[PDB]
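Below is one structure, written out as structure tokens, with a few remarks after it.
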Amino acid sequence: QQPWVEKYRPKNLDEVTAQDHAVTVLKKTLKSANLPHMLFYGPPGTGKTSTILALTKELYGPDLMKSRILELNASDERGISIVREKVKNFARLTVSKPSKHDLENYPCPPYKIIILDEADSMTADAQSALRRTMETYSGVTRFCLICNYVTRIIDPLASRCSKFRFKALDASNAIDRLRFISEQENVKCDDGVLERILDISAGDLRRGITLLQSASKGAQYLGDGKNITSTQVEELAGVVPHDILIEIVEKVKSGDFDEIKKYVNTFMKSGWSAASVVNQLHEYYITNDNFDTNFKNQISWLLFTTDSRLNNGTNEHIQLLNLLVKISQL
Amino acid sequence: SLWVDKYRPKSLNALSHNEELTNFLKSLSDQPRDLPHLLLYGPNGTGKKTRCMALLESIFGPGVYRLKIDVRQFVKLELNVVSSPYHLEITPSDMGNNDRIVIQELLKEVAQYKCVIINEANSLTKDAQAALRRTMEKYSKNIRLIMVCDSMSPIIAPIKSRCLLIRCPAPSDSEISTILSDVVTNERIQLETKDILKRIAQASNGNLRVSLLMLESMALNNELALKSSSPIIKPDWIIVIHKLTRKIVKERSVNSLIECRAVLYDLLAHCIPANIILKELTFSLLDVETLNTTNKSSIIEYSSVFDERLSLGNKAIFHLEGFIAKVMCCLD
Amino acid sequence: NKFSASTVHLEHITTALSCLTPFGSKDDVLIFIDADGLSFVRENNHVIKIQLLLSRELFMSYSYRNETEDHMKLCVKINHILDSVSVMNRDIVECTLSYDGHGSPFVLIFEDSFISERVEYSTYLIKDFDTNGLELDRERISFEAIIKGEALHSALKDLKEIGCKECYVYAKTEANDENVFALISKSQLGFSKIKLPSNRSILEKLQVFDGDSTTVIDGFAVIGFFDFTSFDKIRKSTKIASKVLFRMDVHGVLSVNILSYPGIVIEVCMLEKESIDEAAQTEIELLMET
Amino acid sequence: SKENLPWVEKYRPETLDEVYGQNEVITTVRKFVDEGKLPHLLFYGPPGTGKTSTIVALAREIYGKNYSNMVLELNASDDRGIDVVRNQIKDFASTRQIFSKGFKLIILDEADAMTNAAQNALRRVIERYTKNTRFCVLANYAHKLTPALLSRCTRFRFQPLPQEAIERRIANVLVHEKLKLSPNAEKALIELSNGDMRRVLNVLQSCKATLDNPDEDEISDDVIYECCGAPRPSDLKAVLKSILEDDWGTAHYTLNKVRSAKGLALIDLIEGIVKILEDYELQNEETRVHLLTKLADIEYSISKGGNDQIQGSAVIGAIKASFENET
Amino acid sequence: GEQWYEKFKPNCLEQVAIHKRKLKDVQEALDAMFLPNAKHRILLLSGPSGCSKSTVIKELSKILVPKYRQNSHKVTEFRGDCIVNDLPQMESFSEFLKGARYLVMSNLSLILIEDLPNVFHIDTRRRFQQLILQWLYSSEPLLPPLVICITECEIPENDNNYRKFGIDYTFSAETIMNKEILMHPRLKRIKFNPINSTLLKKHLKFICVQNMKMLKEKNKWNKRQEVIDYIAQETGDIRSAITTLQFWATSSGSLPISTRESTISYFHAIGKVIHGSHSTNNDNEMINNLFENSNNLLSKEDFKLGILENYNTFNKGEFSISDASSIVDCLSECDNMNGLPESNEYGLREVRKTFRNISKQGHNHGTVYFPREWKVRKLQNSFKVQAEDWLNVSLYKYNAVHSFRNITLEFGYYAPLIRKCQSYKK
DNA sequence: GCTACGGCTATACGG
DNA sequence: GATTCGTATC
Ligand SMILES: Nc1ncnc2c1ncn2[C@@H]1O[C@H](COP(=O)(O)OP(=O)(O)OP(O)(O)=S)[C@@H](O)[C@H]1O
Ligand SMILES: Nc1ncnc2c1ncn2[C@@H]1O[C@H](COP(=O)(O)OP(=O)(O)OP(O)(O)=S)[C@@H](O)[C@H]1O
Ligand SMILES: Nc1ncnc2c1ncn2[C@@H]1O[C@H](COP(=O)(O)OP(=O)(O)OP(O)(O)=S)[C@@H](O)[C@H]1O
Ligand SMILES: Nc1ncnc2c1ncn2[C@@H]1O[C@H](COP(=O)(O)OP(=O)(O)O)[C@@H](O)[C@H]1O
Ligand SMILES: [Mg+2]
Ligand SMILES: [Mg+2]
Ligand SMILES: [Mg+2]
């Protein structure tokens with residue numbers, strides 16, 4: 001059939017949850033026709049594409065959508081030539097006349113929306129040609145820039161476009177949506193479940209939905225009919241078990257380089273991810289009251305540096321070994 | 001012909017080295033319709049590609065292991081493609097940096113639950129992943145990508161969010177020794193004792209492929225026989241790295257640095273990845289008993305700094321030579 | 001539809017639209033639609049403007065059912081429209097030009113019994129500036145000359161062949177019934193002039209005024225320094241013309257009326273180069289003394 | 001149809017008297033145009049300071065009813081290469097006036113994003129046709145311009161809009177939209193805009209949208225903060241106090257509470273803490289260095305993505321370590 | 001009433017400002033190329049600007065071409081400005097070379113090609129490379145001798161988008177002629193060197209003695225010696241030296257003497273960065289001048305590789321390991337700055353500062369070499385071909401796929417010791 | 001019938 | 001600019 005992520009994608013603006021500010025601004029500007037240029041940004045999987053698609057289908061309708069909406073993303077070319085020719089020509093084009101049915105059952109605003117999703121991957125050379133393009137063609141065309149990092153957007157474009165930030169979907173934001181999806185999909189879960197799912201999928205709901213779907217499929221294949229336990233979704237996500245983490249901590253406490261290296265080799269043999277173990281080590285060390293302030297400061301900086309190095313695409317084994325040696329020699 | 005290919009399992013039930021992962025693959029194959037995008041992360045030599053093949057056979061019946069090799073062309077990027085029934089192979093190694101265009105064209109051609117397997121997804125550049133983060137999300141009704149990578153660290157967050165994370169632990173010593181015993185039972189080598197298989201497993205560091213290849217090499221060297229004192233046929237580049245480690249821990253001079261640079265140039269000419277070269281040099285330096293704990297800590301710190309520098313850099317010789325110079329200064 | 005006009009002859013309108021080819025080859029054009037007919041206005045670099053008029057009598061089913069606006073304007077491209085009107089013929093292809101008001105494509109339906117081709121073009125917003133800026137002032141006309149189309153077309157073709165980086169316009173009338181009108185060319189070969197004949201067959205009329213359009217003076221020469229990159233924009237327009245009328249005022253604005261239903265009228269306007277060099281005019285005058 | 005426009009486009013000044021803030025530039029250009037002669041201008045400054053609304057108003061006031069045939073405008077949205085400069089600009093600036101109205105203004109907006117070859121080919125066009133054509137250059141980055149081009153261009157610097165000008169423009173917008181704004185909300189708008197009219201206009205439009213009744217309800221500070229997802233000063237001060245005084249656990253708990261109850265981003269909190277820490281005593285010179293370096297590194301890491309919890313812990317530890325050099 | 005580089009021009013071979021060995025080898029090559037046998041067909045003269053690379057060919061042809069010509073004197077220089085009506089510019093050189101091959105007997109004339117066609121354009125560049133390649137491989141039994149004087153010069157910064165490289169950086173023979181032409185057995189590349197100070201002083205003194213009335217009239221004949229010495233020591237260009245001398249002599253005042261500044265070569269720049277400059281003892285001034293005068297050479301990644309491969313020449317490599325570690329660490333840091341000019345400045349300033357605090361008198365230095373990266377990339381391409389062939393034969397026999405990383409690491413080594421070691425048994 | 005011309009085309013150059 | 005070899009000359 002369809003994946004649960006695409007099956008429960010919000011069709012209308014009333015289904016997007018916890019993005020109350022931007023969605024209510026869009027709903028209120030639906031009644032009027034003064035929608036400004038928008039710059040949607042936030043953590044991945046927070047509901048930007050879903051929100052813009054819902055607004056697009058609400059403003060124009062399925063038939064008018066094709067004739068009044070242009071969508072460009074990283075899958076297609078978005079160079080300086082593309083911005084100069086395609087976007088400019090589309091914006092210059094007069095808005096198509098809506099049919100009687102469209103005017104009756106849809107607001108049909110006099111403007112059109114150019115959706116540039118994943119705009120953070122666009123070069124600054126191609127972002128300079130959009131400045132006047134989104135300004136002179138403002139009363140006949142609207143621009144929606146979607147990105148994950150506002151820093152990649154040049155200052156002029158950030159000033160021209162309205163700044164709508166999508167909040168991270170934590171266990172207190174998307175929990176209602178996750179419970180709705182579980183109830184609609186007939187998923188049996190224990191108490192406390194879907195909370196670990198939202199926590200592991202920090203600042204994201206698509207990962208949480210995928211984890212829920214995978215756990216449901218595993219439970220169905222098992223045939224026991226019992227509810228899904230927390231450890232199941234923890235192992236399924238890729239979270240290192242607590243016993244392995246405490247063994248790592250104990251090896252760190254005994255500041256023997258050879259023992260630490262051997263156990264790190266065994267851990268890399270196990271196949272776990274460096275990011276997850278680093279996050280779990282952060283959660284263990286920061287929360288533990290036994291440590292003092294100076295040690296916590298130093299370990300926080302070391303974990304920050306290790307995560308920064310890992311994000312650059314480095315070897316997990318070396319970074320993990322260096323981090324554990326640094327923690328031992330602290 | 002090769003023993004690795006000779007004893008490659010061709011089904012989910014034939015896999016007898018993960019158990020729990022095999023059961024999870026059965027659970028995933030129970031409902032082939034709702035198949036999420038799969039990302040296999042684990043140590044090299046585990047058998048992730050074999051697991052993907054077995055899962056595809058479970059979904060698409062027999063004939064998945066078929067090999068319909070053909071040649072494509074992109075703009076002149078004429079990358080070869082390995083086609084199969086409901087199975088396509090994409091290797092980011094054959095197109096570095098310029099992978100975005102070719103993967104876009106291949107994905108749009110496949111779109112036309114077809115599965116396309118992109119091995120070693122870590123080699124994908126940040127632009128190809130930027131295209132894929134939307135390619136997977138948009139056409140998720142006619143194609144299901146399954147990607148296998150050693151470590152998902154250089155994989156962008158959106159791709160890991162849209163895909164499903166499945167871990168493939170490396171084979172354990174007892175089970176890999178059992179696999180070696182099955183190999184030597186199917187093709188008799190008349191092993192003197194089973195301890196040599198355990199030593200081979202220990203010398204493979206969880207790499208079943210390495211264990212099988214070295215077992216075949218030793219059997220061929222000993223004339224289809226095995227010996228308790230049979231030499232371990234390690235790869236040549238590992239021996240060169242060990243010799244370089246000995247040179248570093250013995251000759252602490254600038255001429256020795258030039259010799260080390262020449263050795264590194266030879267290794268790079270052998271098309272050995274720079275990051276793994278630095279990793280093996282570091283771990284071989286840590287295995288030297290003469291060096292004290294402070295020296296080893298400095299070695300690992302320099303290794304981390306210089307592998308980050310190599311990751312954020314174009315030319316690889318600079319970082320390797322800098323790491324060698326730093327460790328040489330630390331030694332004396 | 002607000003507008004709907006049907007025509008049987010397509011070669012005439014094809015040539016009329018191809019008269020705008022020497023201008024921007026692939027750019028936007030403005031089409032004014034009124035009761036008299038439809039027009040085509042093209043402006044390049046705000047220095048030259050060309051206007052083409054197609055009267056109602058040219059068509060056979062002109063309706064203009066619009067009532068809310070006296071004139072209806074739409075902006076479309078030129079290459080696509082020229083290619084559509086270049087359908088030629090085998091059975092007359094009756095065009096069905098239509099425009100259903102704001103937010104509607106400028107549809108060109110071609111019916112040839114066996115063929116039912118229909119072409120639609122989306123409309124661009126506006127040129128978004130005051131188009132009526134190149135119009136000459138009808139009070140300070142320096143001179144007014146009429147030249148046959150073939151002679152001017154041959155002269156422009158000759159100038160194009162020899163390069164003609166820059167061009168000059170020389171007009172002077174004498175009381176001895178000897179009128180001189182010629183164009184100077186600053187090309188790779190130097191300063192070359194092309195003297196048009198004084199015979200009435202070529203030059204029907206030449207009257208050099210004194211900046212008042214009423215008094216005719218003799219012995220005064222009006223120098224017009226025009227860039228040839230804009231002067232060759234009407235080279236092919238005069239090829240299909242019978243009589244060409246020249247008008248230049250003291251404001252440095254040239255006005256050329258091209259005429260071949262009362263035919264087709266092509267009204268073009270050109271700006272004059274600033275003529276930085278003072279000796280350039282002096283040397284042109286000295287050369288014209290021979 | 002002007003009501004169906006964004007507030008940043010339908011509040012664009014049409015005359016020089018509506019361009020608030022840049023009083024010196026307006027007065028100088030008015031003196032220039034009244035005295036006839038206008039030198040080649042070059043407008044520089046941060047984005048949204050009115051570098052285009054000033055030049056277009058000046059062109060409208062000089063060439064009344066002739067803003068179209070006397071002014072040629074080229075921007076980064078169109079090609080400005082060697083061919084464009086050598087053909088279009090030369091043809092426009094080499095022809096005589098339409099009605100002898102004056103000189104031909106050429107507005108080159110966003111001229112910083114131009115190739116150096118074009119910037120060098122433009123200089124001789126500027127100098128050789130200065131009798132009947134005056135060039136205006138709009139650029140946000142001065143280093144992108146050839147030094148000779150800067151030499152042959154009178155430089156006017158559009159400084160960030162002062163508080164008084166933004167307050168006057170907000171008052172005009174309120175009068176035109178029949179809105180009510182609290183003084184605290186106005187100050188929050190001032191601090192959020194940091195010298196940018198477009199930011200203020202967008203935030204005001206979003207606040208009016210966010211109101212259930214845009215007529216009988218007043219835009220408060222809470223609305224101004226909720227519509228943009230910006231941290232209130234109170235939560236920033238609480239975070240700073242928790243990091244500076246309380247232990248590592250309670251500081252982390254307070255940081256998580258502040259970033260969760262309102263959804264505030266970590267980079268915004270970092271910027272707020274930086275701002276609140278500028279007017280601090282910090283007698284030791286090493287504390288300033290540690291704070292600036294560590295906070296810049298954390299901001300750079302955030303700009304590339306990562307684990308927000310780890311980055312927040314890094315912020316807390318960095319601030320604590322920097323303030324240990326105090327004693 | 002004309003420039004002094006003319007009029008006072010060489011009239012015989014002795015007057016030519018060229019070293020004895022260079023003259024003798026050029027004459028030997030020309031005499032070998034004029035024989036009925038055609039061991040060498042083209043003579044690729046090269047060198048810096050104004051190094052007597054053109055004035056010697058005419059003098060040689062004055063006493064060589066008539067001797068070996070038939071009975072029944074000068075050169076046939078290619079004019080790159082002749083725009084033929086029915087001839088594309090690419091075909092101009094094609095027609096030149098196709099009509100210059102008829103000068104063998106009774107029409108013998110040396111073909112001199114100093115002004116090359118617009119080789120910066122790729123199409124005509126490869127057309128010229130093909131045309132000269134056809135000349136070397138021509139089945140013609142007899143061909144006239146041909147000389148291509150490629151004046152090497154550092155092409156300045158340009159606005160060309162990519163247009164590959166090589167000809168966009170330098171105008172050397174390697175950037176115009178391809179490796180097949182350079183390594184061709186019938187090509188003889190006689191490179192030229194800047195004119196030595198002795199010959200420059202001799203010729204300047206000859207010019208001065210040929211015109212001394214105005215020199216003594218303007219109270220300059222007594223100051224002639226210092227001017228000649230400074231001109232001959234500042235530049236190695238004969239024509240530029242003569243022009244500067246003429247400008248100084250004809251002048252009447254106290255205008256400082258200035259001459260064209262030579263561009264620092266790659267090895268020269270590496271030596272300056274590593275060792276220093278004897279002229280200037282200020283590191284900042286030297287680095288700033290090096291970057292201002294030649295930024296097209298310090299910006300390429302080869303120069304950083306050059307420093308990495310050549311910093312082991314200081315004191316034959318006996319310097320402290322800490323200095324080497326600092327140098328390589330800073331080079332890696334600069335590599336980690338994506339080619340910013342600041343990284344280029346720092347990667348040389350640090351090296352020069354490090355090699356200044358350890359500068360010891362009486363320490364012999366070694367020789368330098370170009371970085372060994374082209375050999376490495378060629379070996380890597382060969383290994384790529386080997387791996388591709390192994391994977392191709394692997395898939396054709398059995399349906400087993402192997403990643404290129406594993407091929408490099410595991411499969412590649414064991415494949416011979418498995419397959420060929422069992423071929424023995426067969 | 002041949003012409004002088006409209007459309008086609010091979011193409012050196014363009015950016 | 002540094003090294004090694006090589007003539008040529010005062
Ligand atoms: N606020 C939300 N309410 C309901 N579902 C949501 C919300 N945000 C995200 N989702 C779910 O997330 C999936 C689609 O998210 P997207 O909007 O495509 O991702 P994203 O926000 O664009 O982030 P990307 O893909 O990294 S740019 C669907 O499964 C939605 O149900
Ligand atoms: N002094 C001002 N008074 C009132 N509104 C202003 C003022 N300056 C700018 N604005 C508003 O801000 C909008 C954008 O300013 P512009 O002048 O068009 O662009 P800019 O200020 O030049 O910035 P860049 O560099 O072009 S992105 C205008 O359309 C006005 O609505
Ligand atoms: N004694 C001399 N020796 C050499 N050249 C001389 C001498 N006296 C005058 N000249 C002139 O100086 C110039 C030097 O010419 P060459 O150097 O042979 O040409 P070139 O080497 O091709 O210079 P390029 O590479 O085109 S800059 C010629 O114009 C000579 O006539
Ligand atoms: N369950 C198993 N039993 C026996 N051999 C296996 C099993 N799984 C994998 N292999 C061996 O692993 C080899 C392929 O490993 P591969 O998939 O390349 O590992 P990786 O995915 O880590 O690169 C095959 O030759 C096969 O013989
Ligand atoms: Mg998205
Ligand atoms: Mg502007
Ligand atoms: Mg010469």
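Identifiers for the structure tokens are assigned positionally: chains receive A, B, ... in sequence, residues are indexed from 1 per chain, and ligands are indexed from 1 in the order shown.
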Could you list, as a list in words, all protein and nucleic acid residues with an atom at most 7 Å from ligand 1, counting only C-alpha atoms (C1' of nucleotides) and all ligand atoms?
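Sorted by chain and then by number, the residues are residues 4, 5, 6, 8, 9, 10, 15, 16, 17, 18, 19, 43, 44, 45, 46, 47, 48, 49, 50, 51, 118, 147, 148, 174, 177, 205, 206 and 209 of chain A; 158 of chain B.
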Polymer residues at most 12 Å from residue 173 (chain C), only C-alpha atoms (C1' of nucleotides), same-chain spacing of 5 or more positions, as a list in words
residues 142, 143, 144, 145, 178, 179, 180, 181, 182, 198, 205, 206, 207, 208, 209, 210, 216, 217, 218, 219, 220, 221 and 222 of chain C
Could those residues be written to a file, using N, CA and C atoms, as an mmCIF file, in the first residue's frame?
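File produced: result-v3.cif:
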data_model
loop_
_atom_site.group_PDB
_atom_site.id
_atom_site.type_symbol
_atom_site.label_atom_id
_atom_site.label_comp_id
_atom_site.auth_asym_id
_atom_site.auth_seq_id
_atom_site.Cartn_x
_atom_site.Cartn_y
_atom_site.Cartn_z
ATOM 1 N N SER C 142 12.117 69.207 -37.748
ATOM 2 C CA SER C 142 13.205 69.853 -38.475
ATOM 3 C C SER C 142 13.051 69.674 -39.980
ATOM 4 N N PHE C 143 12.727 68.463 -40.426
ATOM 5 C CA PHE C 143 12.548 68.201 -41.846
ATOM 6 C C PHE C 143 11.551 67.066 -42.022
ATOM 7 N N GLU C 144 10.944 67.013 -43.206
ATOM 8 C CA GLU C 144 9.950 65.999 -43.543
ATOM 9 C C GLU C 144 10.198 65.548 -44.976
ATOM 10 N N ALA C 145 10.623 64.298 -45.144
ATOM 11 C CA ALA C 145 10.969 63.759 -46.451
ATOM 12 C C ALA C 145 10.217 62.460 -46.698
ATOM 13 N N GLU C 178 16.787 72.269 -55.823
ATOM 14 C CA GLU C 178 17.802 71.225 -55.700
ATOM 15 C C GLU C 178 17.811 70.759 -54.249
ATOM 16 N N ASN C 179 17.192 69.611 -53.993
ATOM 17 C CA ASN C 179 17.084 69.057 -52.651
ATOM 18 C C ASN C 179 18.034 67.877 -52.494
ATOM 19 N N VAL C 180 18.758 67.854 -51.378
ATOM 20 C CA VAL C 180 19.762 66.832 -51.109
ATOM 21 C C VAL C 180 19.382 66.107 -49.826
ATOM 22 N N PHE C 181 19.272 64.782 -49.903
ATOM 23 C CA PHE C 181 19.031 63.940 -48.738
ATOM 24 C C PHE C 181 19.884 62.691 -48.875
ATOM 25 N N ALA C 182 20.749 62.446 -47.893
ATOM 26 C CA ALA C 182 21.670 61.325 -47.963
ATOM 27 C C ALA C 182 22.042 60.884 -46.556
ATOM 28 N N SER C 198 17.369 63.279 -56.478
ATOM 29 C CA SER C 198 16.455 64.403 -56.329
ATOM 30 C C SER C 198 15.189 64.251 -57.163
ATOM 31 N N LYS C 205 9.026 64.330 -51.804
ATOM 32 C CA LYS C 205 8.940 65.631 -51.151
ATOM 33 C C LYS C 205 10.054 65.750 -50.124
ATOM 34 N N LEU C 206 10.625 66.948 -50.006
ATOM 35 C CA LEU C 206 11.616 67.246 -48.981
ATOM 36 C C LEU C 206 11.461 68.698 -48.558
ATOM 37 N N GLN C 207 11.123 68.911 -47.288
ATOM 38 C CA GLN C 207 10.926 70.252 -46.747
ATOM 39 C C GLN C 207 11.694 70.366 -45.441
ATOM 40 N N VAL C 208 12.726 71.205 -45.428
ATOM 41 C CA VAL C 208 13.529 71.437 -44.233
ATOM 42 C C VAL C 208 12.962 72.655 -43.516
ATOM 43 N N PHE C 209 12.413 72.440 -42.322
ATOM 44 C CA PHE C 209 11.832 73.517 -41.540
ATOM 45 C C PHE C 209 12.888 74.141 -40.630
ATOM 46 N N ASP C 210 12.450 75.075 -39.791
ATOM 47 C CA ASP C 210 13.314 75.776 -38.849
ATOM 48 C C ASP C 210 12.838 75.557 -37.417
ATOM 49 N N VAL C 216 9.527 76.980 -44.254
ATOM 50 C CA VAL C 216 10.515 76.191 -44.982
ATOM 51 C C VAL C 216 11.725 77.082 -45.242
ATOM 52 N N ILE C 217 12.894 76.634 -44.798
ATOM 53 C CA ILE C 217 14.121 77.396 -44.965
ATOM 54 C C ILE C 217 15.027 76.681 -45.960
ATOM 55 N N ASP C 218 15.963 77.434 -46.531
ATOM 56 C CA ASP C 218 16.900 76.913 -47.515
ATOM 57 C C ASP C 218 18.325 77.228 -47.085
ATOM 58 N N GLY C 219 19.229 76.278 -47.318
ATOM 59 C CA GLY C 219 20.619 76.426 -46.962
ATOM 60 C C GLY C 219 20.998 75.869 -45.607
ATOM 61 N N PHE C 220 20.022 75.491 -44.787
ATOM 62 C CA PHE C 220 20.291 74.916 -43.476
ATOM 63 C C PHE C 220 20.211 73.398 -43.555
ATOM 64 N N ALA C 221 21.231 72.729 -43.029
ATOM 65 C CA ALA C 221 21.318 71.275 -43.057
ATOM 66 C C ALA C 221 21.031 70.716 -41.671
ATOM 67 N N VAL C 222 20.153 69.721 -41.610
ATOM 68 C CA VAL C 222 19.796 69.057 -40.361
ATOM 69 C C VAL C 222 20.594 67.763 -40.285
#
Please provide the set of residues having any atom within 12 Å of residue 150 (chain D), restricted to only C-alpha atoms (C1' of nucleotides), with same-chain residues fewer than 2 positions apart removed, written as a count of residues only.
30
Would you list the contacts of residue 269 (chain A) as a PyMOL selection string, taking every protein, DNA or RNA residue within 7 Å and counting only C-alpha atoms (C1' of nucleotides), but skipping same-chain residues closer than 2 positions in sequence?
(chain A and resi 265-267+271) or (chain B and resi 43+169-170+206)
Restrict the selected residues to N, CA, C and O atoms and save them as a compact mmCIF listing (two decimals), in the first residue's frame.
# COMPACT_ATOMS: atom_id res chain seq x y z
N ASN A 265 37.43 -1.64 20.21
CA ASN A 265 37.46 -2.53 19.05
C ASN A 265 36.29 -3.50 19.08
O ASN A 265 35.63 -3.74 18.06
N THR A 266 36.00 -4.07 20.26
CA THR A 266 34.85 -4.96 20.39
C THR A 266 33.54 -4.23 20.11
O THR A 266 32.65 -4.77 19.45
N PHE A 267 33.41 -3.00 20.62
CA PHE A 267 32.21 -2.22 20.39
C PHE A 267 32.01 -1.90 18.91
O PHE A 267 30.89 -1.99 18.40
N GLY A 271 29.01 -3.12 15.89
CA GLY A 271 28.40 -2.43 14.78
C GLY A 271 27.52 -1.24 15.14
O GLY A 271 26.78 -0.76 14.28
N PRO B 43 29.88 -3.20 10.45
CA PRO B 43 31.27 -3.39 10.02
C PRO B 43 31.35 -4.09 8.68
O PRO B 43 30.49 -4.89 8.31
N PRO B 169 25.39 -6.57 13.03
CA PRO B 169 26.62 -6.82 13.79
C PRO B 169 27.56 -7.76 13.06
O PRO B 169 27.15 -8.64 12.31
N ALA B 170 28.86 -7.56 13.30
CA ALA B 170 29.87 -8.39 12.67
C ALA B 170 29.81 -9.81 13.21
O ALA B 170 29.40 -10.03 14.36
N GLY B 206 36.54 -10.10 12.75
CA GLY B 206 35.13 -10.13 12.43
C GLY B 206 34.79 -10.03 10.97
O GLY B 206 33.60 -9.96 10.63
Within 8 Å of region 2-6 of chain G using only C-alpha atoms (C1' of nucleotides), minus same-chain residues under 5 positions, as a PDB file with N, CA, C and O atoms, in the first residue's frame:
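Saved the output as selection-v3.pdb:
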ATOM      1  N   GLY E 271      62.359  28.171  -3.711  1.00  0.00           N
ATOM      2  CA  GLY E 271      63.604  28.490  -3.030  1.00  0.00           C
ATOM      3  C   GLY E 271      63.506  29.747  -2.192  1.00  0.00           C
ATOM      4  O   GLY E 271      64.038  29.813  -1.081  1.00  0.00           O
ATOM      5  N   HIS E 365      72.806  22.796   1.307  1.00  0.00           N
ATOM      6  CA  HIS E 365      71.427  22.442   1.000  1.00  0.00           C
ATOM      7  C   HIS E 365      71.394  21.464  -0.166  1.00  0.00           C
ATOM      8  O   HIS E 365      72.314  21.431  -0.990  1.00  0.00           O
ATOM      9  N   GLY E 366      70.338  20.662  -0.226  1.00  0.00           N
ATOM     10  CA  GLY E 366      70.171  19.700  -1.296  1.00  0.00           C
ATOM     11  C   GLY E 366      69.475  20.302  -2.498  1.00  0.00           C
ATOM     12  O   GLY E 366      69.364  21.522  -2.647  1.00  0.00           O
ATOM     13  N   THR E 367      68.997  19.423  -3.370  1.00  0.00           N
ATOM     14  CA  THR E 367      68.241  19.824  -4.545  1.00  0.00           C
ATOM     15  C   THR E 367      66.749  19.603  -4.313  1.00  0.00           C
ATOM     16  O   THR E 367      66.332  18.837  -3.440  1.00  0.00           O
TER      17      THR E 367
END
Starting from chain D, keep only residues with some atom at most 10 Å from an atom of chain C, counting only C-alpha atoms, and report them as a count of residues only.
26
All residues within 7 Å of ligand 6 are required, counting only C-alpha atoms (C1' of nucleotides) and all ligand atoms; please report them as a VMD selection string.
chain D and resid 50 to 52 109
For the selection just defined, write its residues with N, CA and C atoms to a file, as a CSV table (one decimal), in the first residue's frame.
chain,number,residue,atom,x,y,z
D,50,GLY,N,16.8,51.2,2.5
D,50,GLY,CA,16.1,52.1,1.7
D,50,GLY,C,17.0,52.6,0.5
D,51,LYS,N,17.9,51.8,0.1
D,51,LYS,CA,18.8,52.2,-1.0
D,51,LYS,C,18.1,52.2,-2.3
D,52,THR,N,17.0,51.4,-2.5
D,52,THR,CA,16.3,51.5,-3.7
D,52,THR,C,15.1,52.4,-3.7
D,109,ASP,N,21.0,48.4,-9.4
D,109,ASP,CA,20.8,47.8,-8.1
D,109,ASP,C,21.6,46.5,-8.0
Fewer than 4 positions away in the same chain doesn't count, so skip those; otherwise give me all residues within 8 Å of residue 40 (chain C), counting only C-alpha atoms (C1' of nucleotides), as number ranges by chain.
C: 29-32, 50-53
At a cut-off of 6 Å around ligand 3, and using only C-alpha atoms (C1' of nucleotides) and all ligand atoms, what residues come up? Please write them as a PyMOL selection string.
chain E and resi 5-6+8-10+15-17+49-55+151+203+238-239
